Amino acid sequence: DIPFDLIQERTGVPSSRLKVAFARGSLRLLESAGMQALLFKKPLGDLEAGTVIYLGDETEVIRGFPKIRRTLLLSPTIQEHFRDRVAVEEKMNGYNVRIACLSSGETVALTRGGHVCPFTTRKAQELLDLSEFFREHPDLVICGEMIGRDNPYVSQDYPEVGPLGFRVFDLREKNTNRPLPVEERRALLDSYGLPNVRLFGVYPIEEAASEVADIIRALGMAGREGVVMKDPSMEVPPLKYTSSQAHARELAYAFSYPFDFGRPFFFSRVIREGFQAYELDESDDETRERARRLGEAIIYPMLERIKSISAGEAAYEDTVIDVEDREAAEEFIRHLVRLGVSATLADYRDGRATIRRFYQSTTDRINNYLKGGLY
């Protein structure tokens, strides 16, 4: 049975609360070299969502990666939130991964919710040389973004990393979740040959907003996602800020499968565009480009989707990935399915699996309308 009291001492969450939690968002699972793990789907006390506790020779709390706050404006918000200096890292468009070495010496890659992903743990070890780092720092958790075209979760091609890559943006302690300061983190990771996310600079607080404005303009025309701004000593939480092109990219994806996104969502992205227009557009022409960009990002993917379904095609997206074998592919599919993803293996050859994700809500509703169903 579950050692609630032990968990209570390691988490600061009273055993009573943890039994309340078990009614719903606290799940026991068998995970890693035959070990028993408690996964927190919801925050609870200081424990972030996706926190996972491994019940090994010793008990290890792999804390959830904390939510990062968003700002819609650079000024006065940056000066209002930070103090003295701001570190500005690239926000990579991928999926969040925590890599930890457990007490058993087994290495684990956790998705945001706390599940071990068979695809990700394998690509982590294939792509990263982790052995020396974990021998010297076993109680540090490597927090990074898994990115690439051949990414089964969020596919964006970052040609300077290859078809699939990884970039580290945090080192956090087991149990406490305490982050290393920015510059020390980057240097440490360098000395062990691990890859850091791009850092644009560390700027004096009075110059930071205008520096980010330039950076964002640059990222925008390259189609990169945006920026994460950080207190160099991590005593003040980070802020994220994204580019107009990132918003159009998300909105176009969303209006390609309009009924699979929990309605807004949508309003959230458009509001970003309003405040950004207010702050960053330096001519009417620029605002009219922004308008056009937004209109087409919404209309055309929708139009094509409806056209496509009209012609008999179900809504789906394919991603081709590396797998160990067809069995590994299938195991990954099961993992996606239990996450609530409608997925199947659509093709397989060698170690290349075509993962097909279905968007049935969009297929159903657009079909029903096409057949005379009423709004």
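Sequential numbering from 1, following the sequence displayed.
The stretch with the higher mean CA B factor, choosing between 192-200 and 215-223, is 215-223. Annotation for 102-110 versus 177-185: the higher mean temperature factor (C-alpha) is found in 102-110. Note on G274, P264, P258, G165: the highest value goes to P264, judged by CA B factor as recorded. Among all modelled residues in this chain, the alpha-carbon of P232 has a temperature factor (C-alpha) in the middle third. In the deposited entry, the Cα temperature factor of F65 places it in the lowest third of its chain's modelled residues.
The entry lists a Cα temperature factor for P138 that places it in the middle third of the chain's modelled residues. Looking at the C-alpha B-factors along this chain, the one for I321 belongs to the middle third.
In this PDB entry, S244 carries a Cα temperature factor that places it within the lowest third of its chain's modelled residues.
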